[PDB]
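Trainee: My complex, part one, positions kept as in the full thing:
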Amino acid sequence: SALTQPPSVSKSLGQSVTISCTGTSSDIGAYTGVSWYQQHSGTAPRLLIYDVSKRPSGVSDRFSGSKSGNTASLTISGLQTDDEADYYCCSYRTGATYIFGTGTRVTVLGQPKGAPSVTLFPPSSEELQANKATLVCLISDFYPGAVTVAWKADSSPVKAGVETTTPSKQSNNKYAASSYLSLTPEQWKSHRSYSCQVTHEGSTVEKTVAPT
């Protein structure tokens, strides 16, 4: 009932990449009302290809489309950093209906190695008045999208109370995640200092806050 895409493909800057798009004899095989679309994480989708191969005004030529038997295909030549997103194909089906592809995540490799810029905040005197304490460790401007987060009280490991996001791509094509330690105001005002350690590739970065 759904149009089959590879879930993920991966090539380098400048190289060409091919996404396959497979349906039935009741949609792709019969029709050329085929349209390709780009979606960066969290924005509105943008029209790329329509009617198998045609381009609207506002779209780079590096993109090109095609059709054979029961399968559609998208080709992106001269790959850039902007091209790193999710991709979907669209088709008219017999009975005036339209149907969407599974999604292909395009990963552009060999991008600059970014060091994580980290900021750690104390629980506000306002949060301690409400009998809560929350430490916020915010990690930004790193590449690639794999990071390990560790927490320390003075110099000892803490495992309980930690909540961490999956790293998510930002406005500058680098990556962003946020880590939250849940504590009591007693647990905070007790320790001389708490510490947040971020392991990306090899470098480990530390920030320290003391109760005063």
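Mentor: Looks like it arrived, so ask away. Numbering: from 1, shown residues only, chains lettered A, B, ... in the order given.
Trainee: what's the biggest helix by length in chain A packed up against?
Mentor: Determined from DSSP state H, the single longest helix within chain A is helix A:185-190. Packing partners of helix A:185-190 (3 or more C-beta pairs under 8 Å, 6 or more residues apart in numbering; DSSP states H and E): helix A:125-128, strand A:133-142. C-betas here are computed from N, CA, C, even on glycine.
Trainee: Could you look over those and pick the most buried one?
Mentor: Neighbour counts (mean count of other C-beta atoms under 10 Å) averaged over each of those peak at strand A:133-142, with a mean of 19.
Trainee: What strands flank the next helix or strand after that strand, and is each parallel or antiparallel?
Mentor: Note on strand A:133-142: by DSSP states H and E, the next helix or strand toward the C-terminus is strand A:148-153. Strand pairing for strand A:148-153, determined by DSSP bridges: strand A:156-157 (antiparallel), strand A:194-200 (antiparallel).
Trainee: Just the buried residues of strand A:148-153, please?
Mentor: For strand A:148-153, burial by neighbour count (16 or more other C-beta atoms under 10 Å) applies to A:149, A:150, A:151, A:152, A:153.
Trainee: Export those residues as JSON lines, with columns for distance to residue A:134.
Mentor: Below are those laid out as JSON lines (distance: C-beta to C-beta, whole Å):
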{"residue": "A:149", "distance to residue A:134": "15"}
{"residue": "A:150", "distance to residue A:134": "18"}
{"residue": "A:151", "distance to residue A:134": "13"}
{"residue": "A:152", "distance to residue A:134": "17"}
{"residue": "A:153", "distance to residue A:134": "15"}
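Trainee: right, and out of those residues, which lies closest to residue A:28?
Mentor: Using C-beta to C-beta, residue A:149 is the member of the buried residues of strand A:148-153 that sits closest to residue A:28, with 43.9 Å.
Trainee: Give me the distance between that closest one and residue A:7.
Mentor: 26 Å (C-beta to C-beta, to the nearest Å).
Trainee: Likewise for residue A:98?
Mentor: Taking C-beta to C-beta, one finds residue A:98 at 22 Å from residue A:7.
Trainee: domain ranges for chain A?
Mentor: In terms of domains, chain A is parsed into A:1-110, A:111-211 (source: CATH domains of a matching chain).
Trainee: so how far is the first one from its chain's centroid?
Mentor: Just to be clear, that refers to domain A:1-110. Taking C-alpha atoms, centre = their mean, to the nearest Å, one finds the center of domain A:1-110 at 18 Å from the center of the full chain.
Trainee: please slot chain B in as well:
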Amino acid sequence: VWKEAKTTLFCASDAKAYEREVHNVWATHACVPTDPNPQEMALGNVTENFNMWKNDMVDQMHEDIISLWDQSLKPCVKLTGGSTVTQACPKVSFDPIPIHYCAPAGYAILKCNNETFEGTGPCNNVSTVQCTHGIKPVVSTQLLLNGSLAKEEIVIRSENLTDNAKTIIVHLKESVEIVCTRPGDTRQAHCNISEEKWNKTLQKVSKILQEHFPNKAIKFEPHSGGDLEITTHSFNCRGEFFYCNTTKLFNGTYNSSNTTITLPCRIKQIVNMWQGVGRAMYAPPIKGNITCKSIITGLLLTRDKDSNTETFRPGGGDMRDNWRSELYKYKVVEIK
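Mentor: So that you can see how it sits with the rest, here is chain B on the chains above:
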């Protein structure tokens, strides 16, 4: 010798001297007897462009039938914007007769013998001719009767579907045999077609459509409003004006003792003028079996400007388009 122009054309037919009915009585003074030897001159290794909608030749035929229809089928009453008329209105005998138009001196006509010619651009193989083949003038909405049929395959002809409002027209490879009847309620009429002819035509139509418009799911639906003539299949058969329900014949998707589809028609004393704006009143009918076997040669539609579907709905209104289906591959040129 590509040199297009304006001239005043002339008719030709096989009119009869003894006869009392209209068409031929117009023909006996308006034109000439057929020359039983019409010749053709093939032009080797010449291709030439044409635009198959912008033609004075059509307008002259148009103006001829107007100036034919106005004087001969004299109505009881006529009316439009500040104006009303009533004269004597006898019932007349009548039929359609084949016509050739012909070329004056220092000038001749040509034939685009590309049976795979659509309308736009160059005709590949071409010849020259004195006069076109016989055409009886069919005054009909939606459907095209008794005209010229296709020889190779069913092909479609419209200005461009990108300009949708341009009425799309069809001509067929095989002919549908129709018979209409009013017996001796004297107003209500009916028409008859055997299913299998109609079903396969629209199948082979849908099949050539999914190609012309790249990709789809061909759906057929009737008219959506406005006046009578266009919404119905309106026509003449000897001394009246037929108006028949067309609701059944456009029936959704067509997919790849003989049963008859029967359409509830009615006649009208009252008709909307096809030349210009106006509404018209004619003599009441005469007694008895009123019948004509005639054959469908093509069809007019309009691309419905609605839905990401494939809705095709009946055309008509204009009669210049009605003339377009048969005179298509016959042209205008100077010897120079």
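Trainee: ok chain B is in now, so what about what packs on helix A:185-190?
Mentor: helix A:125-128, strand A:133-142 (3 or more C-beta pairs under 8 Å, 6 or more residues apart in numbering or on different chains; DSSP states H and E).
Trainee: Same list (the ones you listed) but as a markdown table, adding distance to chain B.
Mentor: What follows is the helices and strands packed on helix A:185-190, written out as a markdown table (distance: least, C-beta to the nearest C-beta, whole Å):
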| stretch | distance to chain B |
| --- | --- |
| helix A:125-128 | 54 |
| strand A:133-142 | 44 |
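Trainee: possible to save those as CSV with distance to residue B:109?
Mentor: As requested, the helices and strands packed on helix A:185-190 are arranged in CSV below (distance: least, C-beta to C-beta, whole Å):
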stretch, distance to residue B:109
helix A:125-128, 95
strand A:133-142, 79
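Trainee: Please name whichever of those is nearest to residue A:28.
Mentor: Of all the helices and strands packed on helix A:185-190, strand A:133-142 sits nearest to residue A:28, with 40.0 Å by C-beta to C-beta.
Trainee: re earlier: for residue A:173, find the nearest of the helices and strands packed on helix A:185-190.
Mentor: strand A:133-142 (10.1 Å).
Trainee: and for that closest one, what are the contacting residues?
Mentor: A:114-123, A:127, A:147, A:149, A:151, A:167, A:170, A:172, A:174-185, A:187-188, A:194, A:196, A:198, A:200, A:207, A:209 (C-beta atoms under 8 Å, 6 or more residues apart in numbering or on different chains).
Trainee: Show me just the buried residues among the residues you listed.
Mentor: Buried residues within the contacts of strand A:133-142, counting neighbours by 16 or more other C-beta atoms under 10 Å in any protein chain shown: A:114, A:116, A:118, A:120, A:122-123, A:147, A:149, A:151, A:167, A:174-177, A:179, A:181, A:183, A:185, A:188, A:194, A:196, A:198, A:200, A:209.
Trainee: which ones are touching whichever residue of chain A sits closest to chain B?
Mentor: Chain B sits closest to residue A:31 of chain A, with a gap of 3.6 Å, by C-beta to the nearest C-beta. Counting by C-beta under 8 Å, 6+ apart, residue A:31 touches A:91, A:92, B:215, B:216.
Trainee: Mind giving me the PyMOL command for buried ones among these?
Mentor: With 16+ other C-beta under 10 Å as the criterion, this PyMOL line picks the buried residues out of these:
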select buried, (chain A and resi 91+92) or (chain B and resi 215+216)
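Trainee: and which of the contacts of residue A:31 is nearest residue B:115?
Mentor: For these, the closest approach to residue B:115 (C-beta to C-beta) belongs to residue B:216, at 25.7 Å.
Trainee: Let's add chain C too:
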Amino acid sequence: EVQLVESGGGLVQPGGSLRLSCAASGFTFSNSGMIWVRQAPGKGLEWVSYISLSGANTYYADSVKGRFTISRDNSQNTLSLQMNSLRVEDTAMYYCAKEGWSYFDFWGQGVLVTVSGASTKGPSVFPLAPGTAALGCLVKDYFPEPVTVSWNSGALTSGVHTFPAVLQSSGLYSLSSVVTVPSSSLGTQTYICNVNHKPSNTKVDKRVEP
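Mentor: Chain C added:
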């Protein structure tokens, strides 16, 4: 310049009702077909409904058939989507889109419809106290998404970074918004964050001071 402005998002209890509106400008609304499209959190896009330019022709998908209704007004130039008998599987970001022909240029920014029976928890906002220094606002324990943060009513747009929210074990979201500003301005410029959690009518304006 062509626009599609969406409204009516927010929380609905499951089995409850909501109506979405998409406002259009910059082209002729009639002469163009229209579509609704949803995206479940972290999932593939899926087609909701089609309406034709004049109307009359309306098409629906099966996992929605009988529950959703598409309508348009060709005078006001608005598209409407009435949704009834809502289930949690419908929780998605919802987009209106214009049709060319069988393709779809120009899209709405997206209104998030969440279908959940939690009593809509209004978030708690706490001030996070600070050349170049970082300050922000903690938007603690709210249900559901989204939460919109602007600084000085939209006056501060350079330095601001709004983080993707955590999902806690309790089932409540929490995000933080941080801005980076000059060290001299801390004794002249008073900083306000404008949290708007639309599903719980919570409009909070909280002041950040050293």
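Trainee: Repeat for what packs on helix A:185-190, accounting for chain C.
Mentor: For helix A:185-190, the contact count by 3+ C-beta pairs under 8 Å, 6+ apart identifies helix A:125-128, strand A:133-142 as packing neighbours.
Trainee: could I get that helix in PDB with only the CA atoms?
Mentor: What follows is helix A:185-190, C-alpha atoms only, in PDB (Å, rounded to 0.1, in the frame of the first residue of the first chain):
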ATOM      1  CA  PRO A 185      17.500  21.400  46.200                       C
ATOM      2  CA  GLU A 186      19.100  19.400  49.100                       C
ATOM      3  CA  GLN A 187      21.200  17.400  46.600                       C
ATOM      4  CA  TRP A 188      22.300  20.700  44.900                       C
ATOM      5  CA  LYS A 189      23.100  22.700  48.000                       C
ATOM      6  CA  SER A 190      24.900  19.600  49.500                       C
END
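Trainee: Check which helix or strand residue C:138 maps to.
Mentor: Here residue C:138 sits within strand C:133-142, counting by DSSP H and E.
Trainee: So which bits of that strand are buried?
Mentor: If you call a residue buried by 16+ other C-beta under 10 Å, then strand C:133-142 has these buried ones: C:134, C:135, C:136, C:137, C:138, C:139, C:140, C:141, C:142.
Trainee: Run the chain-centre distance for the helix or strand just after it.
Mentor: Beyond strand C:133-142 on the C-terminal side, the first helix or strand identified by DSSP H and E is strand C:148-151. Taking C-alpha atoms, centre = their mean, one finds the center of strand C:148-151 at 13 Å from the center of the full chain.
Trainee: got it, and stretch B:256-264?
Mentor: Centre-to-centre, stretch B:256-264 and its host chain are 24 Å apart (C-alpha atoms, centre = their mean).
Trainee: I'd like to know how many residues surround residue B:252.
Mentor: Residues lying near residue B:252 (other C-beta atoms under 10 Å in any protein chain shown) number 10.
Trainee: Please list the residues of chain C that sit near chain B.
Mentor: Neighbours of chain B within chain C, by C-beta under 8 Å from any C-beta of the partner chain: C:31, C:33, C:50, C:52, C:53, C:54, C:56, C:57, C:59, C:99, C:101, C:102.
Trainee: Tell me which strands the strand holding residue C:138 pairs with, and in which orientation.
Mentor: strand C:124-128 (antiparallel), strand C:173-181 (antiparallel).
Trainee: can you put those strands in CSV and add distance to residue A:79 and mean neighbour count?
Mentor: Output for those, formatted as CSV (distance: least, C-beta to C-beta, whole Å; neighbours: other C-beta atoms under 10 Å in any protein chain shown):
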stretch, distance to residue A:79, mean neighbour count
strand C:124-128, 40, 21
strand C:173-181, 32, 22
